[PDB]
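First, one chain by itself in structure tokens, the form deposited in one PDB entry.
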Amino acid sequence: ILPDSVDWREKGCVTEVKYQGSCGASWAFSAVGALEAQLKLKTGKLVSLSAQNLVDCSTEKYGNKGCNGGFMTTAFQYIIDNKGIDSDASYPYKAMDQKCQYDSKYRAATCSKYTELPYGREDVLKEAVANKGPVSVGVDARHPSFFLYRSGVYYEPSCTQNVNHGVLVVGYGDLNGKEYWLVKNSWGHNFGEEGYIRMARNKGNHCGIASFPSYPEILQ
């Protein structure tokens, strides 16, 4: 059976909320966020990974268009093919498309593999958050209510299962009967609950939370 709540921030596996700005790089933040937890698990050290490095280098070959959109899965592939990703401190985020500046001497993480989960299976997503770590997902964030969210379990009746915004599920729980997912966003600390949104869980793949989940792995 499975725990009723998880919160990977309680285990020191989640870095500070980031601020993506004008650049549509939510997918890159989603991807490094998921790897950051796998890295802390392996090495005991928590270090922010370079979303910029994903924006600049995981490009045409991986189906990504930097600040105009991308995929977490093909971001994980880039890190696999590239044999590393830099630390955020060495390759800081600039919220704009740049030429690729990966330097292997400031390699902060590796990626061995990644796994995609079945569309719409929130029980499968729940198991992965418990047993594997935080999971990269997309959500439907194209609703005034999403931007305006300040607290509580977010439920948007007009939300769809088509995803357009990359985020990280770092836990799940329940708030007085309302089951939720704990979601790390990349809109700074002034968004929602210090940068987190708790989204409706077990409500028919609400906002496409479980439409396209994936999580990376660092072996050995």
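Position 1 is the first residue in the sequence shown; the rest follow in order.
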With respect to the recorded C-alpha B factors, which stretch has the higher mean value, 126-134 or 80-88?
80-88
Mean Cα B factor from the PDB record: higher for 144-152, or higher for 98-106?
98-106
Out of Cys23, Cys207, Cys13, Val17, residue topping the C-alpha B-factor column of the entry
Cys23
Of the three thirds of Cα B-factor ranks in this chain, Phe191 occupies the middle
If you rank every modelled residue in this chain by C-alpha B factor, which third holds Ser214: lowest, middle or highest?
lowest
Looking at the temperature factor on the CA atom of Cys67, which third of the chain's modelled residues does it land in?
middle
Mind checking which third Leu49 falls in for C-alpha B-factor across the chain?
middle
When the modelled residues of the chain are sorted by Cα temperature factor, does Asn164 land in the lowest, middle or highest third?
middle
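Below: the form deposited with a small molecule bound, not depicted.
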All three of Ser48, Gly84 and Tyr106 touching the small molecule in the bound PDB entry at 4.5 Å, heavy atom to heavy atom?
no
Does the small molecule get within 4.5 angstroms of any non-hydrogen atom of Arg150 in the bound PDB entry?
yes
So, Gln52 and the small molecule: in the bound PDB entry, are they within 4.5 Å at any heavy atom pair?
no
Verify the contact flag for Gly12: yes if a non-hydrogen atom of it lies within 4.5 Å of a non-hydrogen atom of the small molecule in the bound PDB entry, no if not.
no
For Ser158, is any heavy atom within 4.5 Å of the small molecule in the bound PDB entry, or not?
no
